[PDB]
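Encoded as structure tokens, the structure appears first; notes follow it.
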Ligand code: CLA
Ligand code: CLA
Ligand code: CLA
Ligand code: CLA
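Protein chains in written order, with the UniProt record's numbering: chain A, 29 to 205; chain B, 28 to 188, 195 to 205; chain C, 30 to 164, 168 to 205; chain D, 29 to 205.
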């Protein structure tokens, strides 16, 4: 719970800083971007892995509840992920959160920055360096963020647990300058 | 006062909780009024636009009467609420018309509370044409009528800061 | 070769706007242009709208033969073309079978004068003014689940009204 | 002419090589991408400067009609530009050409890289290193590629002249590793 998260260059992640959250896994597409999960709703937005190979993803900024790391972002700690964008087609926030009414638990936008529903934790994934997985604790239980088939491709969804990395969607943080 | 029954294209009095297409008075170009984005900055909520396809009737609405319980006739000059009727909705808000108070155009949009003063309009006779009306809203004192402006897909209803004449066509 | 009839029992005339509407148990409305998948926006497929009161997009009918008056008779090569004041794709509003793909989607952009877009309208079941499309005449037009909903597709080597998409024509005015 | 076109790293451009064609005028946006120019047609596609800050643009590969200078690309020489993508929503080709039928003379996709109607010329552009501009040839006169306001943003159009860089949309080429 004390090992600071690092970007693709091995440097410590910092808040108020832009990063591309890119799949560490299957290198046959691009980064994570907003997109609707299905044709039932266009808002709020889900999180997909773009199929276009050199599209980096839409940048995010990592926020922190209590000044206890100055600007640093530590592992197994409460953080909030917010897409950074000059344009937003939905009347809700860009902060990540979970769709509880979704009977599939898609990771969606619209979450509240300071609220606890938008809380996620970054854990080390497997053994690759600077590689991680995301995990949320809805009501005490720990579940890792995975992915599932959606309209536009694989969309981030909450798994039933965090017992093993097997179902986790591995990610890396690439600094945007 | 003055409060007479609003009538549909067949001259029949309007009934609450009944589907009607709201269509522009003159059957010139386009079809009925439908939900559509007004610009490229937002998908939701939705504006009210006249479709340019000539045989599209428009998306039906139901009318509810806020301040009244007096039979099932909709009357002119009486607060009423307008709600689109559809089996599906792509936005995370209601199908009720209201005013986009915070837009320099005062677009009429979806997502209002059918029981809040925000979503109340009054139907008044328009010009000569029989069974022709206009929608009017009161910020409270003085009333402004619903007109239109050009938007992404076509004319979009806006609160006039002439009115956009409409008629009601019973569904089926 | 008896006349195809609309919902009023009137025979269809060529170059007259008609709504093609699903002659079956009714969840949705008429046939309209829509994209079949996320791989292409153009050309367009034929999809049944899920909205209750959407008539469908209008279509006109044309005949390769020019000696049967203006009557659109059953079992006679005809060309179905969407009628609209605007079109967002480079090709034609005429229906045709996507020669190549799996489900042989019926698509837009055909040549009303080419035999590539000729269809046949024939009686469907022992009903009233209910038909189907076939393609001299042998493959029946059925449907299959697509992006927006049922999309028209040509069926394999069969015409029996078991896997055919039931339709009625409603005159527009 | 004989001089080589250089990418952002000052290296010579090569054929069959993916590059991002990025605007050199501002930092108020991202690279060049396919987008429809107006609501009248979805296909073919125009070339628009995306407003999203970190979108690099959709890669393009450069081709030479002639089988002369191997895989080299030199200024003042005839070349065709073609988008590179595993997905394409329009029937037509990914090759750039001029829409001679529009009053705006929008640069659109669907051209024939082998036909002279898709050929363009990369020439130097005023201030800054490795900065260029594109010019097309009517017959005897050159017309630089500029841009005009379109539905989704600045769209490339064929200018009137090439008397100055004044109305030319400057670009640079960034190799897509
Ligand atoms: C509100 C609805 C919404 C929807 C529908 C989408 C949908 C999509 N976005 Mg997201 N996005 C949104 C809001 C939305 N976005 C917002 C508010 C932002 C902040 C501005 C972004 C930022 C963003 C980024 C940074 C990226 C995406 C990308 C994508 C695409 C990912 C799948 C893919 O790789 O296909 C492969 C790609 C294609 C088939 C070409 C897509 C062309 C798009 C731009 C327009 C399509 C137009 C038209 C409506 C076609 C759909 C028809 C419909 C019937 C299916 C997908 C089309 C990624 C992408 O690939 O963009 C091009 C990407 O890199 N989006
Ligand atoms: C979520 C956002 C949303 C948006 C973007 C729209 C947008 C639109 N709607 Mg509304 N609608 C919505 C939600 C939405 N709708 C909901 C929730 C309902 C209830 C279920 C409806 C019910 C509805 C009806 C009943 C009707 C409309 C119609 C229309 C069109 C009116 C303008 C016109 O006449 O063009 C003329 C038509 C065209 C140019 C062809 C239509 C093309 C559409 C289907 C797709 C465009 C997407 C394209 C691939 C990407 C380009 C996007 C552009 C901004 C660059 C316009 C495209 C009218 C229409 O004509 O529909 C076809 C109409 O009759 N809508
Ligand atoms: C070029 C691409 C294209 C595409 C993708 C579509 C797609 C669609 N059309 Mg078709 N259409 C087109 C061209 C196109 N059209 C042309 C050129 C014409 C002639 C002008 C028409 C005429 C037409 C008619 C007359 C009708 C359709 C309708 C429909 C809808 C049928 C499914 C349904 O019942 O949902 C029900 C409706 C909804 C789920 C809400 C959708 C509202 C539409 C208007 C806009 C959606 C925009 C949204 C932001 C797209 C993003 C998707 C995301 C995955 C990227 C579907 C959305 C039917 C319809 O229901 O229209 C509303 C209908 O009646 N279209
Ligand atoms: C077929 C029609 C088509 C159309 C309509 C577009 C349209 C667009 N493309 Mg292009 N594109 C296409 C085909 C198409 N594309 C193809 C075949 C490819 C190769 C696969 C691409 C590859 C591509 C790339 C690589 C990129 C684009 C981008 C964009 C956007 C640039 C403007 C901008 O900066 O907005 C700023 C962004 C927004 C307003 C939010 C993005 C919304 C997108 C994802 C969906 C829009 C559909 C929406 C439901 C309907 C409109 C609603 C209205 C209220 C806005 C614009 C939305 C750029 C972009 O910004 O992508 C996200 C970009 O980087 N496109």
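From the three backbone atoms N, C-alpha and C, an ideal C-beta is built for every residue, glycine too.
Tell me whether residue 56(B), by its Cβ, gets closer than 6 Å to a heavy atom of ligand 2.
On the second chain, position 29 is the one that residue 56(B) refers to. Residue 56(B) Cβ: outside cutoff for every heavy atom of ligand 2.
Selection from 186(D), 158(D), 105(D) that minimises the alpha carbon distance to residue 53(D)
Indexing the fourth chain from 1 puts residue 53(D) at position 25. Of the listed residues, the one whose Cα sits closest to residue 53(D) is 158(D).
If you measure between the beta carbons of residue 36(D) and residue 152(D), is that distance less than 7 Å?
Position 8 of the fourth chain, counted from the first residue, corresponds to residue 36(D). Position 124 of the fourth chain, counted from the first residue, corresponds to residue 152(D). No, they are not a contact pair.
Any C-beta of chain C sitting closer than 7 Å to the C-beta of residue 185(B)?
As a first step, residue 185(B) must be located in the second chain, where it is residue number 158. So, not an interface residue.
Exposed or buried, what is residue 186(D) when buried is set at 16 or more other beta-carbons lying within 10 Å of its beta-carbon?
Walking along the fourth chain from the start, residue 186(D) turns up at place 158. Counting Cβ neighbours within 10 Å, residue 186(D) comes out buried, since at least 16 surround it.
Is any heavy atom in ligand 4 found nearer than 6 Å to the beta carbon of residue 37(C)?
As a working note, residue 37(C) is residue 8 in the third chain. It does not: the Cβ of residue 37(C) is nowhere closer than 6 Å to a heavy atom of ligand 4.
Less than 7 Å between the C-beta atoms of residue 194(B) and residue 124(B), yes or no?
Looking at chain B, the numbering goes 188 and then 195, which leaves residue 194(B) without any coordinates in this model.
Beta strand (DSSP E) runs wholly inside the stretch 81-166 of chain B, at least 3 long, in chain order:
Counting only runs of 3 or more, we get 88-91, 108-111, 149-152, 160-165.
Regarding residue 50(B) and ligand 4, is the C-beta to nearest heavy atom distance less than 6 Å?
Position 23 of the second chain, counted from the first residue, corresponds to residue 50(B). No, the Cβ of residue 50(B) stays beyond 6 Å of every heavy atom of ligand 4.
Answer with buried or exposed for residue 142(A), where buried requires no fewer than 16 other C-beta atoms within 10 angstroms of its C-beta.
Locating residue 142(A) in the first chain gives position 114, counting from the first residue. Burial call: exposed.
May I ask you to check if the CB of residue 115(A) is nearer than 6 Å to at least one heavy atom of ligand 5?
As for ligand 5, it is missing from this structure, which binds only ligand 1, ligand 2, ligand 3 and ligand 4.
Output needed in chain order: residues of the stretch 116-132 of chain B with a Cβ under 9 Å from some Cβ in chain A.
Residues of the stretch 116-132 of chain B with a C-beta atom less than 9 Å from some C-beta of chain A are 116, 117, 118, 119, 120, listed in chain order.
CA-to-CA distance, residue 116(B) to residue 31(C), given in whole angstroms:
Residue 31(C) sits at position 2 when you count from the first residue of the third chain. Residue 116(B) sits at position 89 when you count from the first residue of the second chain. Between the alpha carbons of residue 31(C) and residue 116(B) lies a distance of about 44 Å.
So, are the CB atoms of residue 91(D) and residue 49(D) less than 7 Å apart?
Translated into the one-based positions of the fourth chain, residue 91(D) becomes position 63. Translated into the one-based positions of the fourth chain, residue 49(D) becomes position 21. Against a cut-off of 7 Å, the Cβ pair of residue 49(D) and residue 91(D) comes out as no contact.
Please name the residue, chosen from 183(A), 174(A), 113(A), 75(A), that lies closest to residue 191(A) on a Cα-to-Cα basis.
Along the first chain, read from residue 1 onward, the residue named residue 191(A) stands at position 163. Taking only the C-alpha atoms, the option nearest residue 191(A) is 174(A).
Where does the unbroken beta strand (DSSP E) through residue 174(B) begin, and where does it stop?
Taking the second chain and counting its residues from 1, the one referred to as residue 174(B) is at position 147. Residue 174(B) -> beta strand (DSSP E) spans 170-177.
Is any non-hydrogen atom of ligand 3 found closer than 6 Å to the C-beta of residue 78(C), if you look at the structure I gave you?
Start at 1 with the first residue of the third chain, and residue 78(C) comes out as number 49. Yes, the beta carbon of residue 78(C) sits closer than 6 Å to at least one heavy atom of ligand 3.
Just to confirm, does residue 65(D) get its C-beta within under 6 Å of one of the non-hydrogen atoms of ligand 3?
Here residue 65(D) corresponds to residue number 37 of the fourth chain, with the count starting at 1. For residue 65(D), the distance from the CB to the nearest heavy atom of ligand 3 is not below 6 Å.
Mind pulling the chain B residues with CB within less than 8 Å of residue 70(A)?
Taking the first chain and counting its residues from 1, one reaches residue 70(A) at position 42. Correct list: 70, 71, 117, 118.
Tell me where the beta strand (DSSP E) around residue 46(A) begins and ends.
Within the first chain, residue 46(A) is the residue found at index 18, counting from 1. In the DSSP annotation of this structure, the continuous segment of the beta strand (DSSP E) that includes residue 46(A) starts and ends at 46-51.
I need the boundaries of the beta strand (DSSP E) containing residue 31(B), first residue and last residue.
Reading the second chain from its first residue, position 4 is the one you call residue 31(B). Judged by DSSP secondary structure, residue 31(B) falls outside any beta strand (DSSP E); it is assigned neither H nor E.
I need the straight-line Cα distance from residue 111(A) to residue 138(A), nearest angstrom please.
As a working note, residue 111(A) is residue 83 in the first chain. As a working note, residue 138(A) is residue 110 in the first chain. Looking at the two C-alpha atoms, the distance is approximately 10 Å.
Given the structure, does residue 61(A) come close to ligand 1, in the sense that its CB is under 6 Å from one of the ligand's heavy atoms?
Along the first chain, one-based indexing puts residue 61(A) at 33. In terms of side-chain proximity, the C-beta atom of residue 61(A) is found nearer than 6 Å to a non-hydrogen atom of ligand 1.
Could you tell me whether any Cβ in chain D is nearer than 7 Å to the Cβ of residue 82(A)?
For the purposes of this step, residue 82(A) is taken as the residue at position 54 of the first chain. Yes, its Cβ sits closer than 7 Å to a Cβ of chain D.
Reference residue 126(D); option with closest CA among 196(D), 74(D), 102(D), 64(D):
Along the fourth chain, one-based indexing puts residue 126(D) at 98. A check of alpha carbon separations from residue 126(D) across 196(D), 74(D), 102(D), 64(D) identifies 74(D) as the nearest.
Three-state secondary structure (DSSP) of residue 209(A)
Here chain A covers residues 29 to 205 and nothing more, so residue 209(A) does not appear.
Comparing C-alpha positions only, which one of 202(D), 109(D), 176(D) sits nearest to residue 195(D)?
Position 167 of the fourth chain, counting from 1, holds the residue named residue 195(D). For residue 195(D), the nearest C-alpha among the options comes from 176(D).
Select from 205(C), 80(C), 180(C), 38(C) the residue whose C-alpha is nearest the C-alpha of residue 56(C).
Residue 56(C) sits at position 27 when you count from the first residue of the third chain. Selection 205(C), 80(C), 180(C), 38(C) evaluated against residue 56(C) yields 80(C) as nearest (Cα-Cα).
Closer than 6 Å: is that where the CB of residue 179(D) sits relative to any heavy atom of ligand 1?
Counting from 1 along the fourth chain, the entry for residue 179(D) is found at position 151. For ligand 1, not one heavy atom lies less than 6 Å from the Cβ of residue 179(D).
Please name the residue in 193(C), 95(C), 150(C), 66(C) whose C-alpha comes closest to that of residue 131(C).
For the purposes of this step, residue 131(C) is taken as residue 102 along the third chain, with counting starting at 1. Ranked by Cα distance from residue 131(C), the options 193(C), 95(C), 150(C), 66(C) are led by 66(C).
Start and end residues, beta strand (DSSP E) containing residue 184(A)
Taking the first chain and counting its residues from 1, the one referred to as residue 184(A) is at position 156. 181-186 is the span of the beta strand (DSSP E), which, as asked, contains residue 184(A).
Chain B beta carbons: is any one of them nearer than 7 Å to that of residue 204(C)?
The count along the third chain starts at 1 and reaches residue 204(C) at position 172. Yes - at least one Cβ of chain B is within 7 Å of the one on residue 204(C).
For residue 113(C), go through chain B and note every residue whose CB falls closer than 7 Å to its CB, in chain order.
On the third chain, position 84 is the one that residue 113(C) refers to. 80, listed in chain order.
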